[PDB]
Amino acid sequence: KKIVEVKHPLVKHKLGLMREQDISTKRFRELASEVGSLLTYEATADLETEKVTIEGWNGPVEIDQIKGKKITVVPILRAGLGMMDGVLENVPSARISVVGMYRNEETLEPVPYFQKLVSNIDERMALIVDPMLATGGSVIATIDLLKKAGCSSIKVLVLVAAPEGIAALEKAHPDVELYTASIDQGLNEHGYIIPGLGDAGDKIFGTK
């Protein structure tokens, strides 16, 4: 149910640059992480904290610490690694739980091939990272895995989301929180988001 289209000018601006078909795989990739950072700040605003004491240059000081077991960042392989740099900047001690998956372009169905989750995931907040949310198959498939491993409390970070994807996600896991940099118009006959920003995966890696 909770959806957030971060409207911060810096996010709106940086996303703008990513849309130029002329951009380079290098700059494109970087921008992805910059936006990735901002979405992470916006999405971790509700982390619980706790007073602890340490020794400061002037004697014992009381400080705040995010409490609980380290959060886990879940990148959906290939596409997702492009935003990991920026996410990790805000949360460097996060445990990285990778999930490999790719979309069958004929059936538009997801095809999971690899999974490696941190342990005790039931005690952690999961942060799923992925460039797009087109049909929604990949994010939905990935949330099922996390929930199967026993994870509750999940937040999805996307750069651009298509209304269809959002709708499919809400039907499958209303208990999740969606933070996107933009909600586009919809999908074309091939499952690509429009306006959107092309094949994010290929662009980020420089493949075709």
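Sequential numbering from 1, following the sequence displayed.
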* To do: Determine, for stretches 159 to 167 and 57 to 65, which one has the higher mean CA B-factor as deposited.
  => 57 to 65
* Structure fact -> Stretch with higher mean Cα temperature factor, 47 to 55 vs 140 to 148, is 47 to 55
* To do: Just grab whichever of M83, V74, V118, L133 has the top CA B-factor as deposited.
  => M83
* Third of the chain, ranked by Cα B-factor, where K2 sits -> middle
* Asked: If you rank the chain by CA B-factor, which third does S33 end up in: lowest, middle or highest?
  -> middle
* Pull the Cα B-factor of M125 out of the PDB entry and bin it into the chain's lowest, middle or highest third. => middle
* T40 CA temperature factor, ranked by third within the chain -> middle
* To do: Sorting the chain's modelled residues by C-alpha B-factor, tell me whether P112 ends up in the lowest, middle or highest third.
  => middle
